[PDB]
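Q: Numbering (the deposited numbering), first residue to last: 1 to 330. Even for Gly, the Cβ is constructed at its ideal location relative to N, Cα and C. Starting off with a structure, shown below.
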Amino acid sequence: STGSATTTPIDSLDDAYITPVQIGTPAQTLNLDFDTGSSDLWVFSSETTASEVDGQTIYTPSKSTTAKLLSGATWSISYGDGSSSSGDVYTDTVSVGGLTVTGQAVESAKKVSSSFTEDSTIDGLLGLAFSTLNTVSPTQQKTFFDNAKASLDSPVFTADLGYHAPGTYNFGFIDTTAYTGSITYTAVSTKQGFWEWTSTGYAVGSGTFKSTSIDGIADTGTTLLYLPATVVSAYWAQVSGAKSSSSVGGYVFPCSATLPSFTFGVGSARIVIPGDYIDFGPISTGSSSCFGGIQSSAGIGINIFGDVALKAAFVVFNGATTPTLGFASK
C-alpha cells in the first residue's frame, strides 16, 4: 500500500504545516502537525477542557463506531518549545492520504498548554519519530508509520515541504518526479529516538564550504534551523546590522536586508537554503526588526534541522531495518 497527502503552511511565515487525517468511522477529519521529532498521535477532543479549546476541530470518540478506550492508558508530553499536553487513549482507524491503519493509538487530550489553545489551525500532532519515544503509559504505543510499515510497498515516508506553498507527505514510495538530481543517503542513529544524522558541513552565501561534522535531527515539527553558535554567528556576520537579542530571544536583522543563502552538507552533496527561507518577518507587527530563521542550538542540547532546512529538500525517511535519511535538491 501507499498514501499521499498534501501538507499546507498554517500561515504566511510557514510557522508549521498541517495535513488532513481521517480518524474513526464515519471519518472525522482533523488537521494534524506531522512531527518527525516526536512519537505521539494526539488530538483535540470532546474530552479537552472546554476553556482550552479555541477554534480547533475536535475528535469525538463516542461518535466513532470503531473507537475503543485503551483501558488504563494515559499520556503526557512536553515539547522542546515548552508546550505540553496530556490525556487518555483510544484505538481507532486512522487514514492519511488513502493509507489506512486499524487499531492506531489516538491520544485524546484532556489538557493542552496555552500555545496549543492559541493556535486555532492545529488540531493535534502526528508523531513520526521512533516509537521508543511514545509517551503512553503503562503500555507504550506505536506511531502511525510503525503500524503501517509492514503493509507499505517500501518501508519509507517522504517529506516535501513547500516554501510559502503546499507540499506533500508520501508513505510507501519515492516519487522520482519530485526532486532533481539524485538522493544522497546518510546514516541515522536511533539511540535518542530521533532521525539523528551528521551533516558534513556548511557554507554561507557564496562563501567556501567548511567541512565539519554537525550532528542533529531531521525535525518537521520544528520551524527553524538550530545550529551551533559558531555556525550561526558566521551566518549572521554576513548580514549588516544583524545581532543576537537576548530580549527578543535570538538573532534579529534589519527587515531591509537581503539575506544570504545557507548551504548544508549531506555526504558529498549540498542542499542550498535560499536567503528568503531564513526571513521570519517583523518581531512584532509594524517593526523593522525581523526574526532570523537560523538560530543557535546552545542550551537546547541538540542541533535541529527544522522546516527552514527541510523545505529546501526532498527528504526520505527510510524505515528499513537499519534506518537512513535521504536528501535531494528540488
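Taking C-alpha atoms, which residue in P155, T48, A257, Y90 lies nearest to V316?
A: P155
Q: Would you list the residues sitting across from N303 in a DSSP beta bridge?
A: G216
Q: Where in the stretch 176–264 do unbroken runs of the alpha helix (DSSP H), each at least 4 residues long, occur, reported from the N-terminal end onward?
A: 229–236
Q: Are the CB atoms of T190 and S213 nearer to each other than 8 Å?
A: No, they are not a contact pair.
Q: Thinking C-alpha only, which one of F116, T7, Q140, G275 is nearest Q56?
A: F116
Q: Pick out the complete alpha helix (DSSP H) segments inside the stretch 110–167, 4 residues or longer, and give them in chain order.
A: 114–117, 144–148
Q: What three-state label does DSSP hand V308 in the structure shown?
A: helix
Q: Return the bridge partner residues of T324 from the DSSP annotation.
A: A187, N318
Q: Starting from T93, trace the beta strand (DSSP E) in both directions and tell me its first and last residue.
A: 84–96
Q: Can you tell me which of the three DSSP states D276 falls into?
A: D276 falls in the helix class under three-state DSSP.
Q: Grab the span of the beta strand (DSSP E) containing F173 for me, first residue to last.
A: No beta strand (DSSP E) contains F173, which DSSP labels as neither H nor E.
Q: Relative to the C-alpha of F280, which residue among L225, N31, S233, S39 is closest?
A: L225
Q: Would you mind working out which of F144, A229, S46 sits nearest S62, comparing C-alpha positions?
A: Considering only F144, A229, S46, the residue with the shortest C-alpha distance to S62 is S46.
Q: What do you reckon, are the CB atoms on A129 and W195 nearer than 8 Å?
A: yes
Q: Does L227 pass the burial test, meaning 16 or more other C-beta atoms within 10 Å, or should it be called exposed?
A: buried
Q: Can you tell me where the beta strand (DSSP E) holding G3 begins and where it ends?
A: 3–9
Q: Going by beta-carbon coordinates alone, are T176 and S4 separated by less than 8 Å?
A: Result no, Cβ atoms of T176 and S4 do not sit closer than 8 Å.
Q: From the DSSP output, in three-state form, read off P61 for me.
A: helix
Q: Residues in its own chain within less than 8 Å of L69 by CB, not counting five upstream and five downstream?
A: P61, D88, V89, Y90
Q: Grouping DSSP H, G and I as helix and E and B as strand, with all else coil, what is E107?
A: strand
Q: First and last residue of the beta strand (DSSP E) that includes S296?
A: 294–296
Q: Would you give the residue range spanned by the beta strand (DSSP E) that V53 belongs to?
A: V53 -> no beta strand (DSSP E), and no H or E assigned at all.
Q: Just to confirm my understanding: we take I58, look at its own chain, exclude 5 residues before and 5 after, and list those with CB closer than 7 Å. What are they?
A: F44, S45, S46, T48
Q: Identify, in the order they occur along the chain, each residue of the same chain with its Cβ nearer than 6 Å to the Cβ of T208, setting aside the five sequence neighbours on each side.
A: Nothing meets the Cβ criterion.
Q: Quick one, which of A148, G193, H164 has its alpha-carbon nearest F173's?
A: Checking every option, the nearest Cα to that of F173 belongs to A148.
Q: Please state if the CB of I273 and the CB of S261 are separated by a distance shorter than 8 Å.
A: Yes, these two residues count as a Cβ contact at 8 Å.
Q: Give me the Cα-Cα distance between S95 and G249, rounded to the nearest whole angstrom.
A: 38 Å
Q: What is the rounded straight-line gap between the Cα of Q238 and the Cα of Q295?
A: 14 Å
Q: Taking the C-alpha atoms as reference points, what is the distance between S268 and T200?
A: 8 Å
Q: Helix, strand or coil for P282, going by three-state DSSP, please let me know.
A: strand
Q: What residues in its chain sit with their C-beta under 7 Å from that of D146, if we drop five residues either side in the sequence?
A: Counting only Cβ-Cβ distances below 7 Å, and skipping sequence neighbours, we find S131.
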